[PDB]
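Computed over heavy atoms, backbone and side chain alike; hydrogens, waters and symmetry mates excluded. Each chain gets a letter, A, B and so on, in the order its sequence line appears, and its residues count up from 1.
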Amino acid sequence: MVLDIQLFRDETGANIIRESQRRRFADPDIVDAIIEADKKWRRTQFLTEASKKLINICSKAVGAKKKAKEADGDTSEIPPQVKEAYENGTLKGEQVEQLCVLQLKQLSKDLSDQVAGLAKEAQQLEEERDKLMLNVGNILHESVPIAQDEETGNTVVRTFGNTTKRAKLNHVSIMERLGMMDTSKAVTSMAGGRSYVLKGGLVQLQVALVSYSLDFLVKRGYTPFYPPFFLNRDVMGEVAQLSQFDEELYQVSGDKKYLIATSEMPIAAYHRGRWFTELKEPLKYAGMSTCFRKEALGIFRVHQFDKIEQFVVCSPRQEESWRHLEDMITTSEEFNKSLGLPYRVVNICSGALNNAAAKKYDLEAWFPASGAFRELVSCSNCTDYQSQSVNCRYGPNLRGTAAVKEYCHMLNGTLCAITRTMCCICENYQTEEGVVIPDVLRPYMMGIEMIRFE
Amino acid sequence: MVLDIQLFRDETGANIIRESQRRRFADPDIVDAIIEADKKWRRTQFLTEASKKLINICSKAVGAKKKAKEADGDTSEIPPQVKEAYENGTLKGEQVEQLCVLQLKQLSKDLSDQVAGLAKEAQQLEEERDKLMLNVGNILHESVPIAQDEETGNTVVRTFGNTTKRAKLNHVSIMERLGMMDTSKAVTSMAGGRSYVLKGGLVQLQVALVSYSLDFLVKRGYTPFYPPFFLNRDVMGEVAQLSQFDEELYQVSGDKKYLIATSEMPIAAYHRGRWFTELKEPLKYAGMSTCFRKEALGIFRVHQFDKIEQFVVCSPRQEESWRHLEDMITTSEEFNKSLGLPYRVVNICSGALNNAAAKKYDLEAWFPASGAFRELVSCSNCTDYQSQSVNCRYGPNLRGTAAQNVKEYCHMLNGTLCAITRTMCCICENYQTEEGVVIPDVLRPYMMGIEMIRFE
Ligand SMILES: Cn1c(=O)ccn([C@@H]2O[C@H](COS(=O)(=O)NC(=O)[C@@H](N)CO)[C@@H](O)[C@H]2O)c1=O
Ligand SMILES: Cn1c(=O)ccn([C@@H]2O[C@H](COS(=O)(=O)NC(=O)[C@@H](N)CO)[C@@H](O)[C@H]2O)c1=O
Ligand code: NA
Ligand code: NA
Ligand code: NA
Ligand code: NA
Ligand code: NA
Ligand code: NA
């Protein structure tokens, strides 16, 4: 499953999607292609259900005839009119009951063959529909800036700290001069491009950030969550876009699995097929994992890195998820303030948003030696988009309920991308002697106040 | 390279290896098979060197004759006695100079063909020699118990705490009742068999153990080391036996790589092609990594787990590595004593040792509800076995040093400090009450001062 079809079948709903597509500078005609694919699919289903019912009538009519000792009949040959009627979904049970046992047996096999063919057609139409749904963006929030390009289109909403100060050495030079980061051929000849070894004080800093970040979220009511780092193909497909398989995900062979690019992937997948009748309190998770990205200088952009993640599952009602999005970006802001790191928060323009996000805020920290704002955090409200894909339902779940389906809302937000935060700390806390440890991290690394240049 | 050939070429050295093979219940005949392959290899090299010199004589002779403007000659045919002589390694330079330019050009090509043929033979002999070397165990320490079966053959060296203690619930039952571990189909249908999710207090305990273990080693002079979790095929081959690729290692495709089974693999590989003239102080690394094992209830035996590792690179002289082995097992013991976990330390029997280990100590903690000693730690002295494979040299080079007749290699050791999920299982059984799991005192500052994690 990719998206629920329900909004596409509704005239008003389809227009909401077309409008959102236009506002994202995406194709509104994808809605119409989905409606058409679904129309063809609904036709295979109408015929399948009609023919399944007629198969049961054949079985019951044969049973009645056998009990009555009616002769089996002259022939099994099916009238062309009967074949035309079941192919068009107009064959009535009263007409089927006019056939002899031999014809009823032949018809049951013919209808079973038709159901088998219609199932193959339906599977192809579901594949076409699903491929189109992957190109449908989530319905934009009304506050999303309307623009194609990030450089001019994104809106700066807040800033913190000294964002104009400059510094001498960039994070690459600092980590080299500490003697605590190795990205030389000794490492890349054994592990490939962009691989690294961290030593001594930088490992202590890495662990101090992992533990401080986890405690920061525990204090805010998040439940720590340590996931498996592998996901099977089917499950990864529900939490990843098709473009992620070719550009971002490593394949593991032990069956075929994929390494996770973020704990958001197994946390969202952990909710698949779930149904929360009510969520008076949201589900809040502090994901902790290594992240693996194929990405097809230093430790700013690497294939392997730790990240502490915020993940929320909440009620889709009363715009509650929008309140959670504000709390999640505020949490990431408070985290950076606690580390004394200057930054700006940016509202991502419509054209730059990934399909699952209805709105996204990035926190870009100031790197004084690099002289630039660099992304440390992304916080998104995915509303019911991922829930539709993992099939995470919401609402009353009682016996006797017939065919609007409600889904939970889901949000995800970086709390700390460990290696990038280390790069940021190094630039902001450098001195002539080394790197000053931010105050809040000192208890998490044996009270160490500074890591020295070698 | 698998092993250096030098000890096999020495009569005393070959006898030391045959004895060690017998004491490990391995084949001593492998030594003799290696000697024979190397004898055939040395013959290909003798002929190669002789023929390379003759190729240079051909080049020099063609040069001198052409500078003197001599005619090319009437034939390129090589006298049968010349072909017989170079094939036997007896062709003299004086016989070569007597040939004309045309014959010298033909001979240089024929000798180059012979060198190409001899290189193919040498490569086939190197493959044969290396395959045999993979079945040669490291020279056993004289204190290793001689037995084939781990079940009855290991020797108990030391015990700590109440190793007869009994408890109510096993680690699986405890982690289930805490509501902090999920090994159900909600996880296994996502990530395959033996996959798990940890939540809440158990993740806090997991992080507390990682951080306390790292600090425990920093305080003991180890340098923290965070490695890449991938190794390419060639490099993994130097730090893993062929049986590990089949049974233990996941393959990753992004240039084919392998997920590490332990930080011991990238730390050993990080020393490939290195040469230390002296190691007055050893290199001590505190490896920190996730570990991935194919393994072809609960979180005791899983594919994915954190482990804090001790790794030492030291001088091969004066049996210094044997002192480090004792320090490393003592470090793992002091760690488990600080957590208050009862255990026994065993000296692994000869038949159970992996090929790289000259000796191994396991620390098996007592699980009071399970009612069994269960391996938490392995500490091994690999002496120069892994160093020969990664080519990590020590001391003076052979040339220009009259006193140096042997190629020296560093010694390497590795030892678990903390296998995080198994230690969590042990803590749960040992610290359970009717309300939940008491946090060992030393870990409380590493998990927000929490004294107990409660049953759901
Ligand atoms: C080292 N490194 C990279 O090479 C690439 C990205 N990042 C940081 O990861 C943060 C989160 O990545 S994301 O923007 O794709 N969003 C997620 O994964 C969501 N689940 C929310 O976390 C980025 O903001 C980069 O700072 C690295 O650190
Ligand atoms: C969860 N789990 C496993 O499933 C398998 C093993 N272990 C622990 O890892 C320790 C070290 O593994 S080892 O014996 O193969 N030795 C090494 O890897 C060396 N580098 C020394 O660490 C074992 O003692 C198990 O307790 C798991 O925890
Ligand atoms: Na820079
Ligand atoms: Na981002
Ligand atoms: Na006892
Ligand atoms: Na048990
Ligand atoms: Na072991
Ligand atoms: Na010498």
Side-chain angles (χ1 to χ4, degrees), chain A residues 1-10 12-14 17 31-59 61-67 73 76-91 93 95-119 121-122 124-130 132-134 136 234 238 272-273 275 384 387-407:
Chain A
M1 189 187 181
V2 185
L3 291 175
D4 198 288
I5 196 66
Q6 68 189 349
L7 213 56
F8 300 89
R9 290 185 182 158
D10 184 72
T12 300
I17 311 163
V31 176
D32 299 84
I34 285 161
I35 290 169
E36 186 52 45
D38 177 63
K39 183 176 182 166
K40 289 174 190 166
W41 182 88
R42 281 194 278 107
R43 181 64 183 170
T44 71
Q45 300 305 287
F46 170 77
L47 296 177
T48 292
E49 291 303 305
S51 292
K52 278 170 180 178
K53 281 174 188 167
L54 295 168
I55 292 161
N56 296 325
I57 289 159
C58 287
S59 296
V62 170
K65 289 171 185 301
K66 284 290 168 174
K67 186 175 169 181
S76 62
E77 195 187 339
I78 302 306
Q81 178 196 71
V82 164
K83 182 176 177 185
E84 200 167 327
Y86 72 73
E87 285 177 335
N88 297 123
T90 66
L91 183 60
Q95 187 173 10
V96 167
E97 288 169 354
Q98 298 294 102
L99 299 169
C100 73
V101 168
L102 302 182
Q103 286 171 309
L104 291 158
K105 291 181 162 188
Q106 183 65 58
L107 180 63
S108 186
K109 290 185 288 188
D110 295 345
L111 293 163
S112 298
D113 289 345
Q114 187 205 22
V115 167
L118 290 158
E121 283 176 33
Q124 291 308 107
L125 287 161
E126 278 161 18
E127 285 164 11
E128 282 167 41
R129 175 204 67 199
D130 289 356
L132 286 158
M133 284 175 154
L134 288 167
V136 168
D234 288 329
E238 298 176 357
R272 67 199 246 284
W275 190 321
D384 57 14
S387 298
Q388 282 171 78
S389 179
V390 299
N391 189 26
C392 184
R393 295 279 303 274
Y394 185 82
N397 185 7
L398 298 157
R399 175 163 169 179
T401 310
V404 60
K405 295 176 193 187
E406 295 186 85
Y407 290 88

Check: Side chains of A:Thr44 and A:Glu121: do they bring a donor and an acceptor to under 3.5 Å?
Finding: no
Margin query: My understanding is that only residues two or more places apart in sequence, or in another chain, count here; which of them pass side chain to side chain donor-acceptor pair (under 3.5 Å) with A:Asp32?
Written below: A:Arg18
Item checked: Closest approach of A:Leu111 to A:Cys58 (non-hydrogen atoms, all atoms of both residues) -> CD1-SG, 4.3 Å
Check: In Å and rounded to the nearest 0.5 Å, what is the CD to CZ distance from A:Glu127 to A:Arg129?
Finding: 10.0 Å
Next item on the list: Please name all residues satisfying side chain to side chain donor-acceptor pair (under 3.5 Å) with A:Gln103, sequence neighbours left out, ordered by chain then number.
Entry: none
Checklist line | Heavy-atom pair with the smallest gap, counting every atom of A:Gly93 and A:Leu54 | finding: N-CD2, 4.0 Å
Notebook entry, point to check: For A:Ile55 and A:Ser112, which heavy atoms make the closest approach, and how far apart are they?
Noted result: CD1-OG, 3.6 Å
Margin query: If you compare all heavy atoms of A:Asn88 against all heavy atoms of A:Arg43, which two are closest, and at what distance to 0.1 Å?
Written below: O-NH2, 3.0 Å
Item checked: Beyond-backbone contact of A:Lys65 with A:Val62, side-chain heavy atoms, under 4.5 angstrom -> no
Item checked: A:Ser51 side, atom OG; A:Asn56 side, atom CG - distance, nearest 0.5 Å -> 11.0 Å
Checklist line | Contacts of A:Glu36 that satisfy side chain to side chain contact (heavy atoms under 4.5 Å, CB included) - sequence neighbours left out | finding: A:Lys39, A:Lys40
Check: Do A:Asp110 and A:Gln106 meet the criterion of a side-chain donor-acceptor pair at a distance under 3.5 Å?
Finding: yes
Note to self: Suppose we screen for side chain to side chain contact (heavy atoms under 4.5 Å, CB included). Which residues come up paired with A:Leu3, at least two apart in sequence or across chains?
What the structure shows: A:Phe8, A:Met133, A:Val136, A:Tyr385, A:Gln388
Note to self: My understanding is that only residues two or more places apart in sequence, or in another chain, count here; which of them pass salt bridge (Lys or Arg N to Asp or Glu O under 4.0 Å) with A:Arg272?
What the structure shows: A:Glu238
Check: Are any side-chain N or O atoms of A:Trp41 and backbone N or O atoms of A:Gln124, one a donor and one an acceptor, separated by less than 3.5 Å?
Finding: no
Note to self: Ignoring hydrogens, what is the shortest heavy-atom contact between A:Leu125 and A:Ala37? Give both atom names and the distance.
What the structure shows: CD2-O, 4.1 Å
Next item on the list: Measure the CG-OG distance between A:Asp4 and A:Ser387 for me, rounded to the nearest 0.5 Å.
Entry: 11.5 Å
Next item on the list: Report the distance from atom CD1 of A:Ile35 to atom CG of A:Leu132, rounding to the nearest 0.5 Å.
Entry: 11.5 Å
Note to self: Does any part of the side chain of A:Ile5, heavy atoms only, come nearer than 4.5 Å to the side chain of A:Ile34, both counted from C-beta?
What the structure shows: yes
Item checked: Nearest-0.5 Å distance, CD of residue A:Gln98 to CG of residue A:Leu104 -> 10.0 Å
Notebook entry, point to check: Hey, is the main chain of A:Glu406 close enough, under 3.5 Å, to the side chain of A:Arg393 for a donor-acceptor pair?
Noted result: yes
Next item on the list: Could you list the residues that satisfy salt bridge (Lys or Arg N to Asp or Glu O under 4.0 Å) with A:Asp38, not counting sequence neighbours?
Entry: A:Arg9, A:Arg42
Next item on the list: Give a yes or no answer on whether the side chain of A:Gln6 reaches the backbone of A:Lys405 with a donor-acceptor pair at less than 3.5 Å.
Entry: yes
Checklist line | Gap between atom CG of A:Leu91 and atom NZ of A:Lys53 - 0.5 Å precision | finding: 13.0 Å
Notebook entry, point to check: Which heavy atom in A:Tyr86 sits nearest to a heavy atom in A:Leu47, and how many Å separate them?
Noted result: O-CD2, 4.2 Å
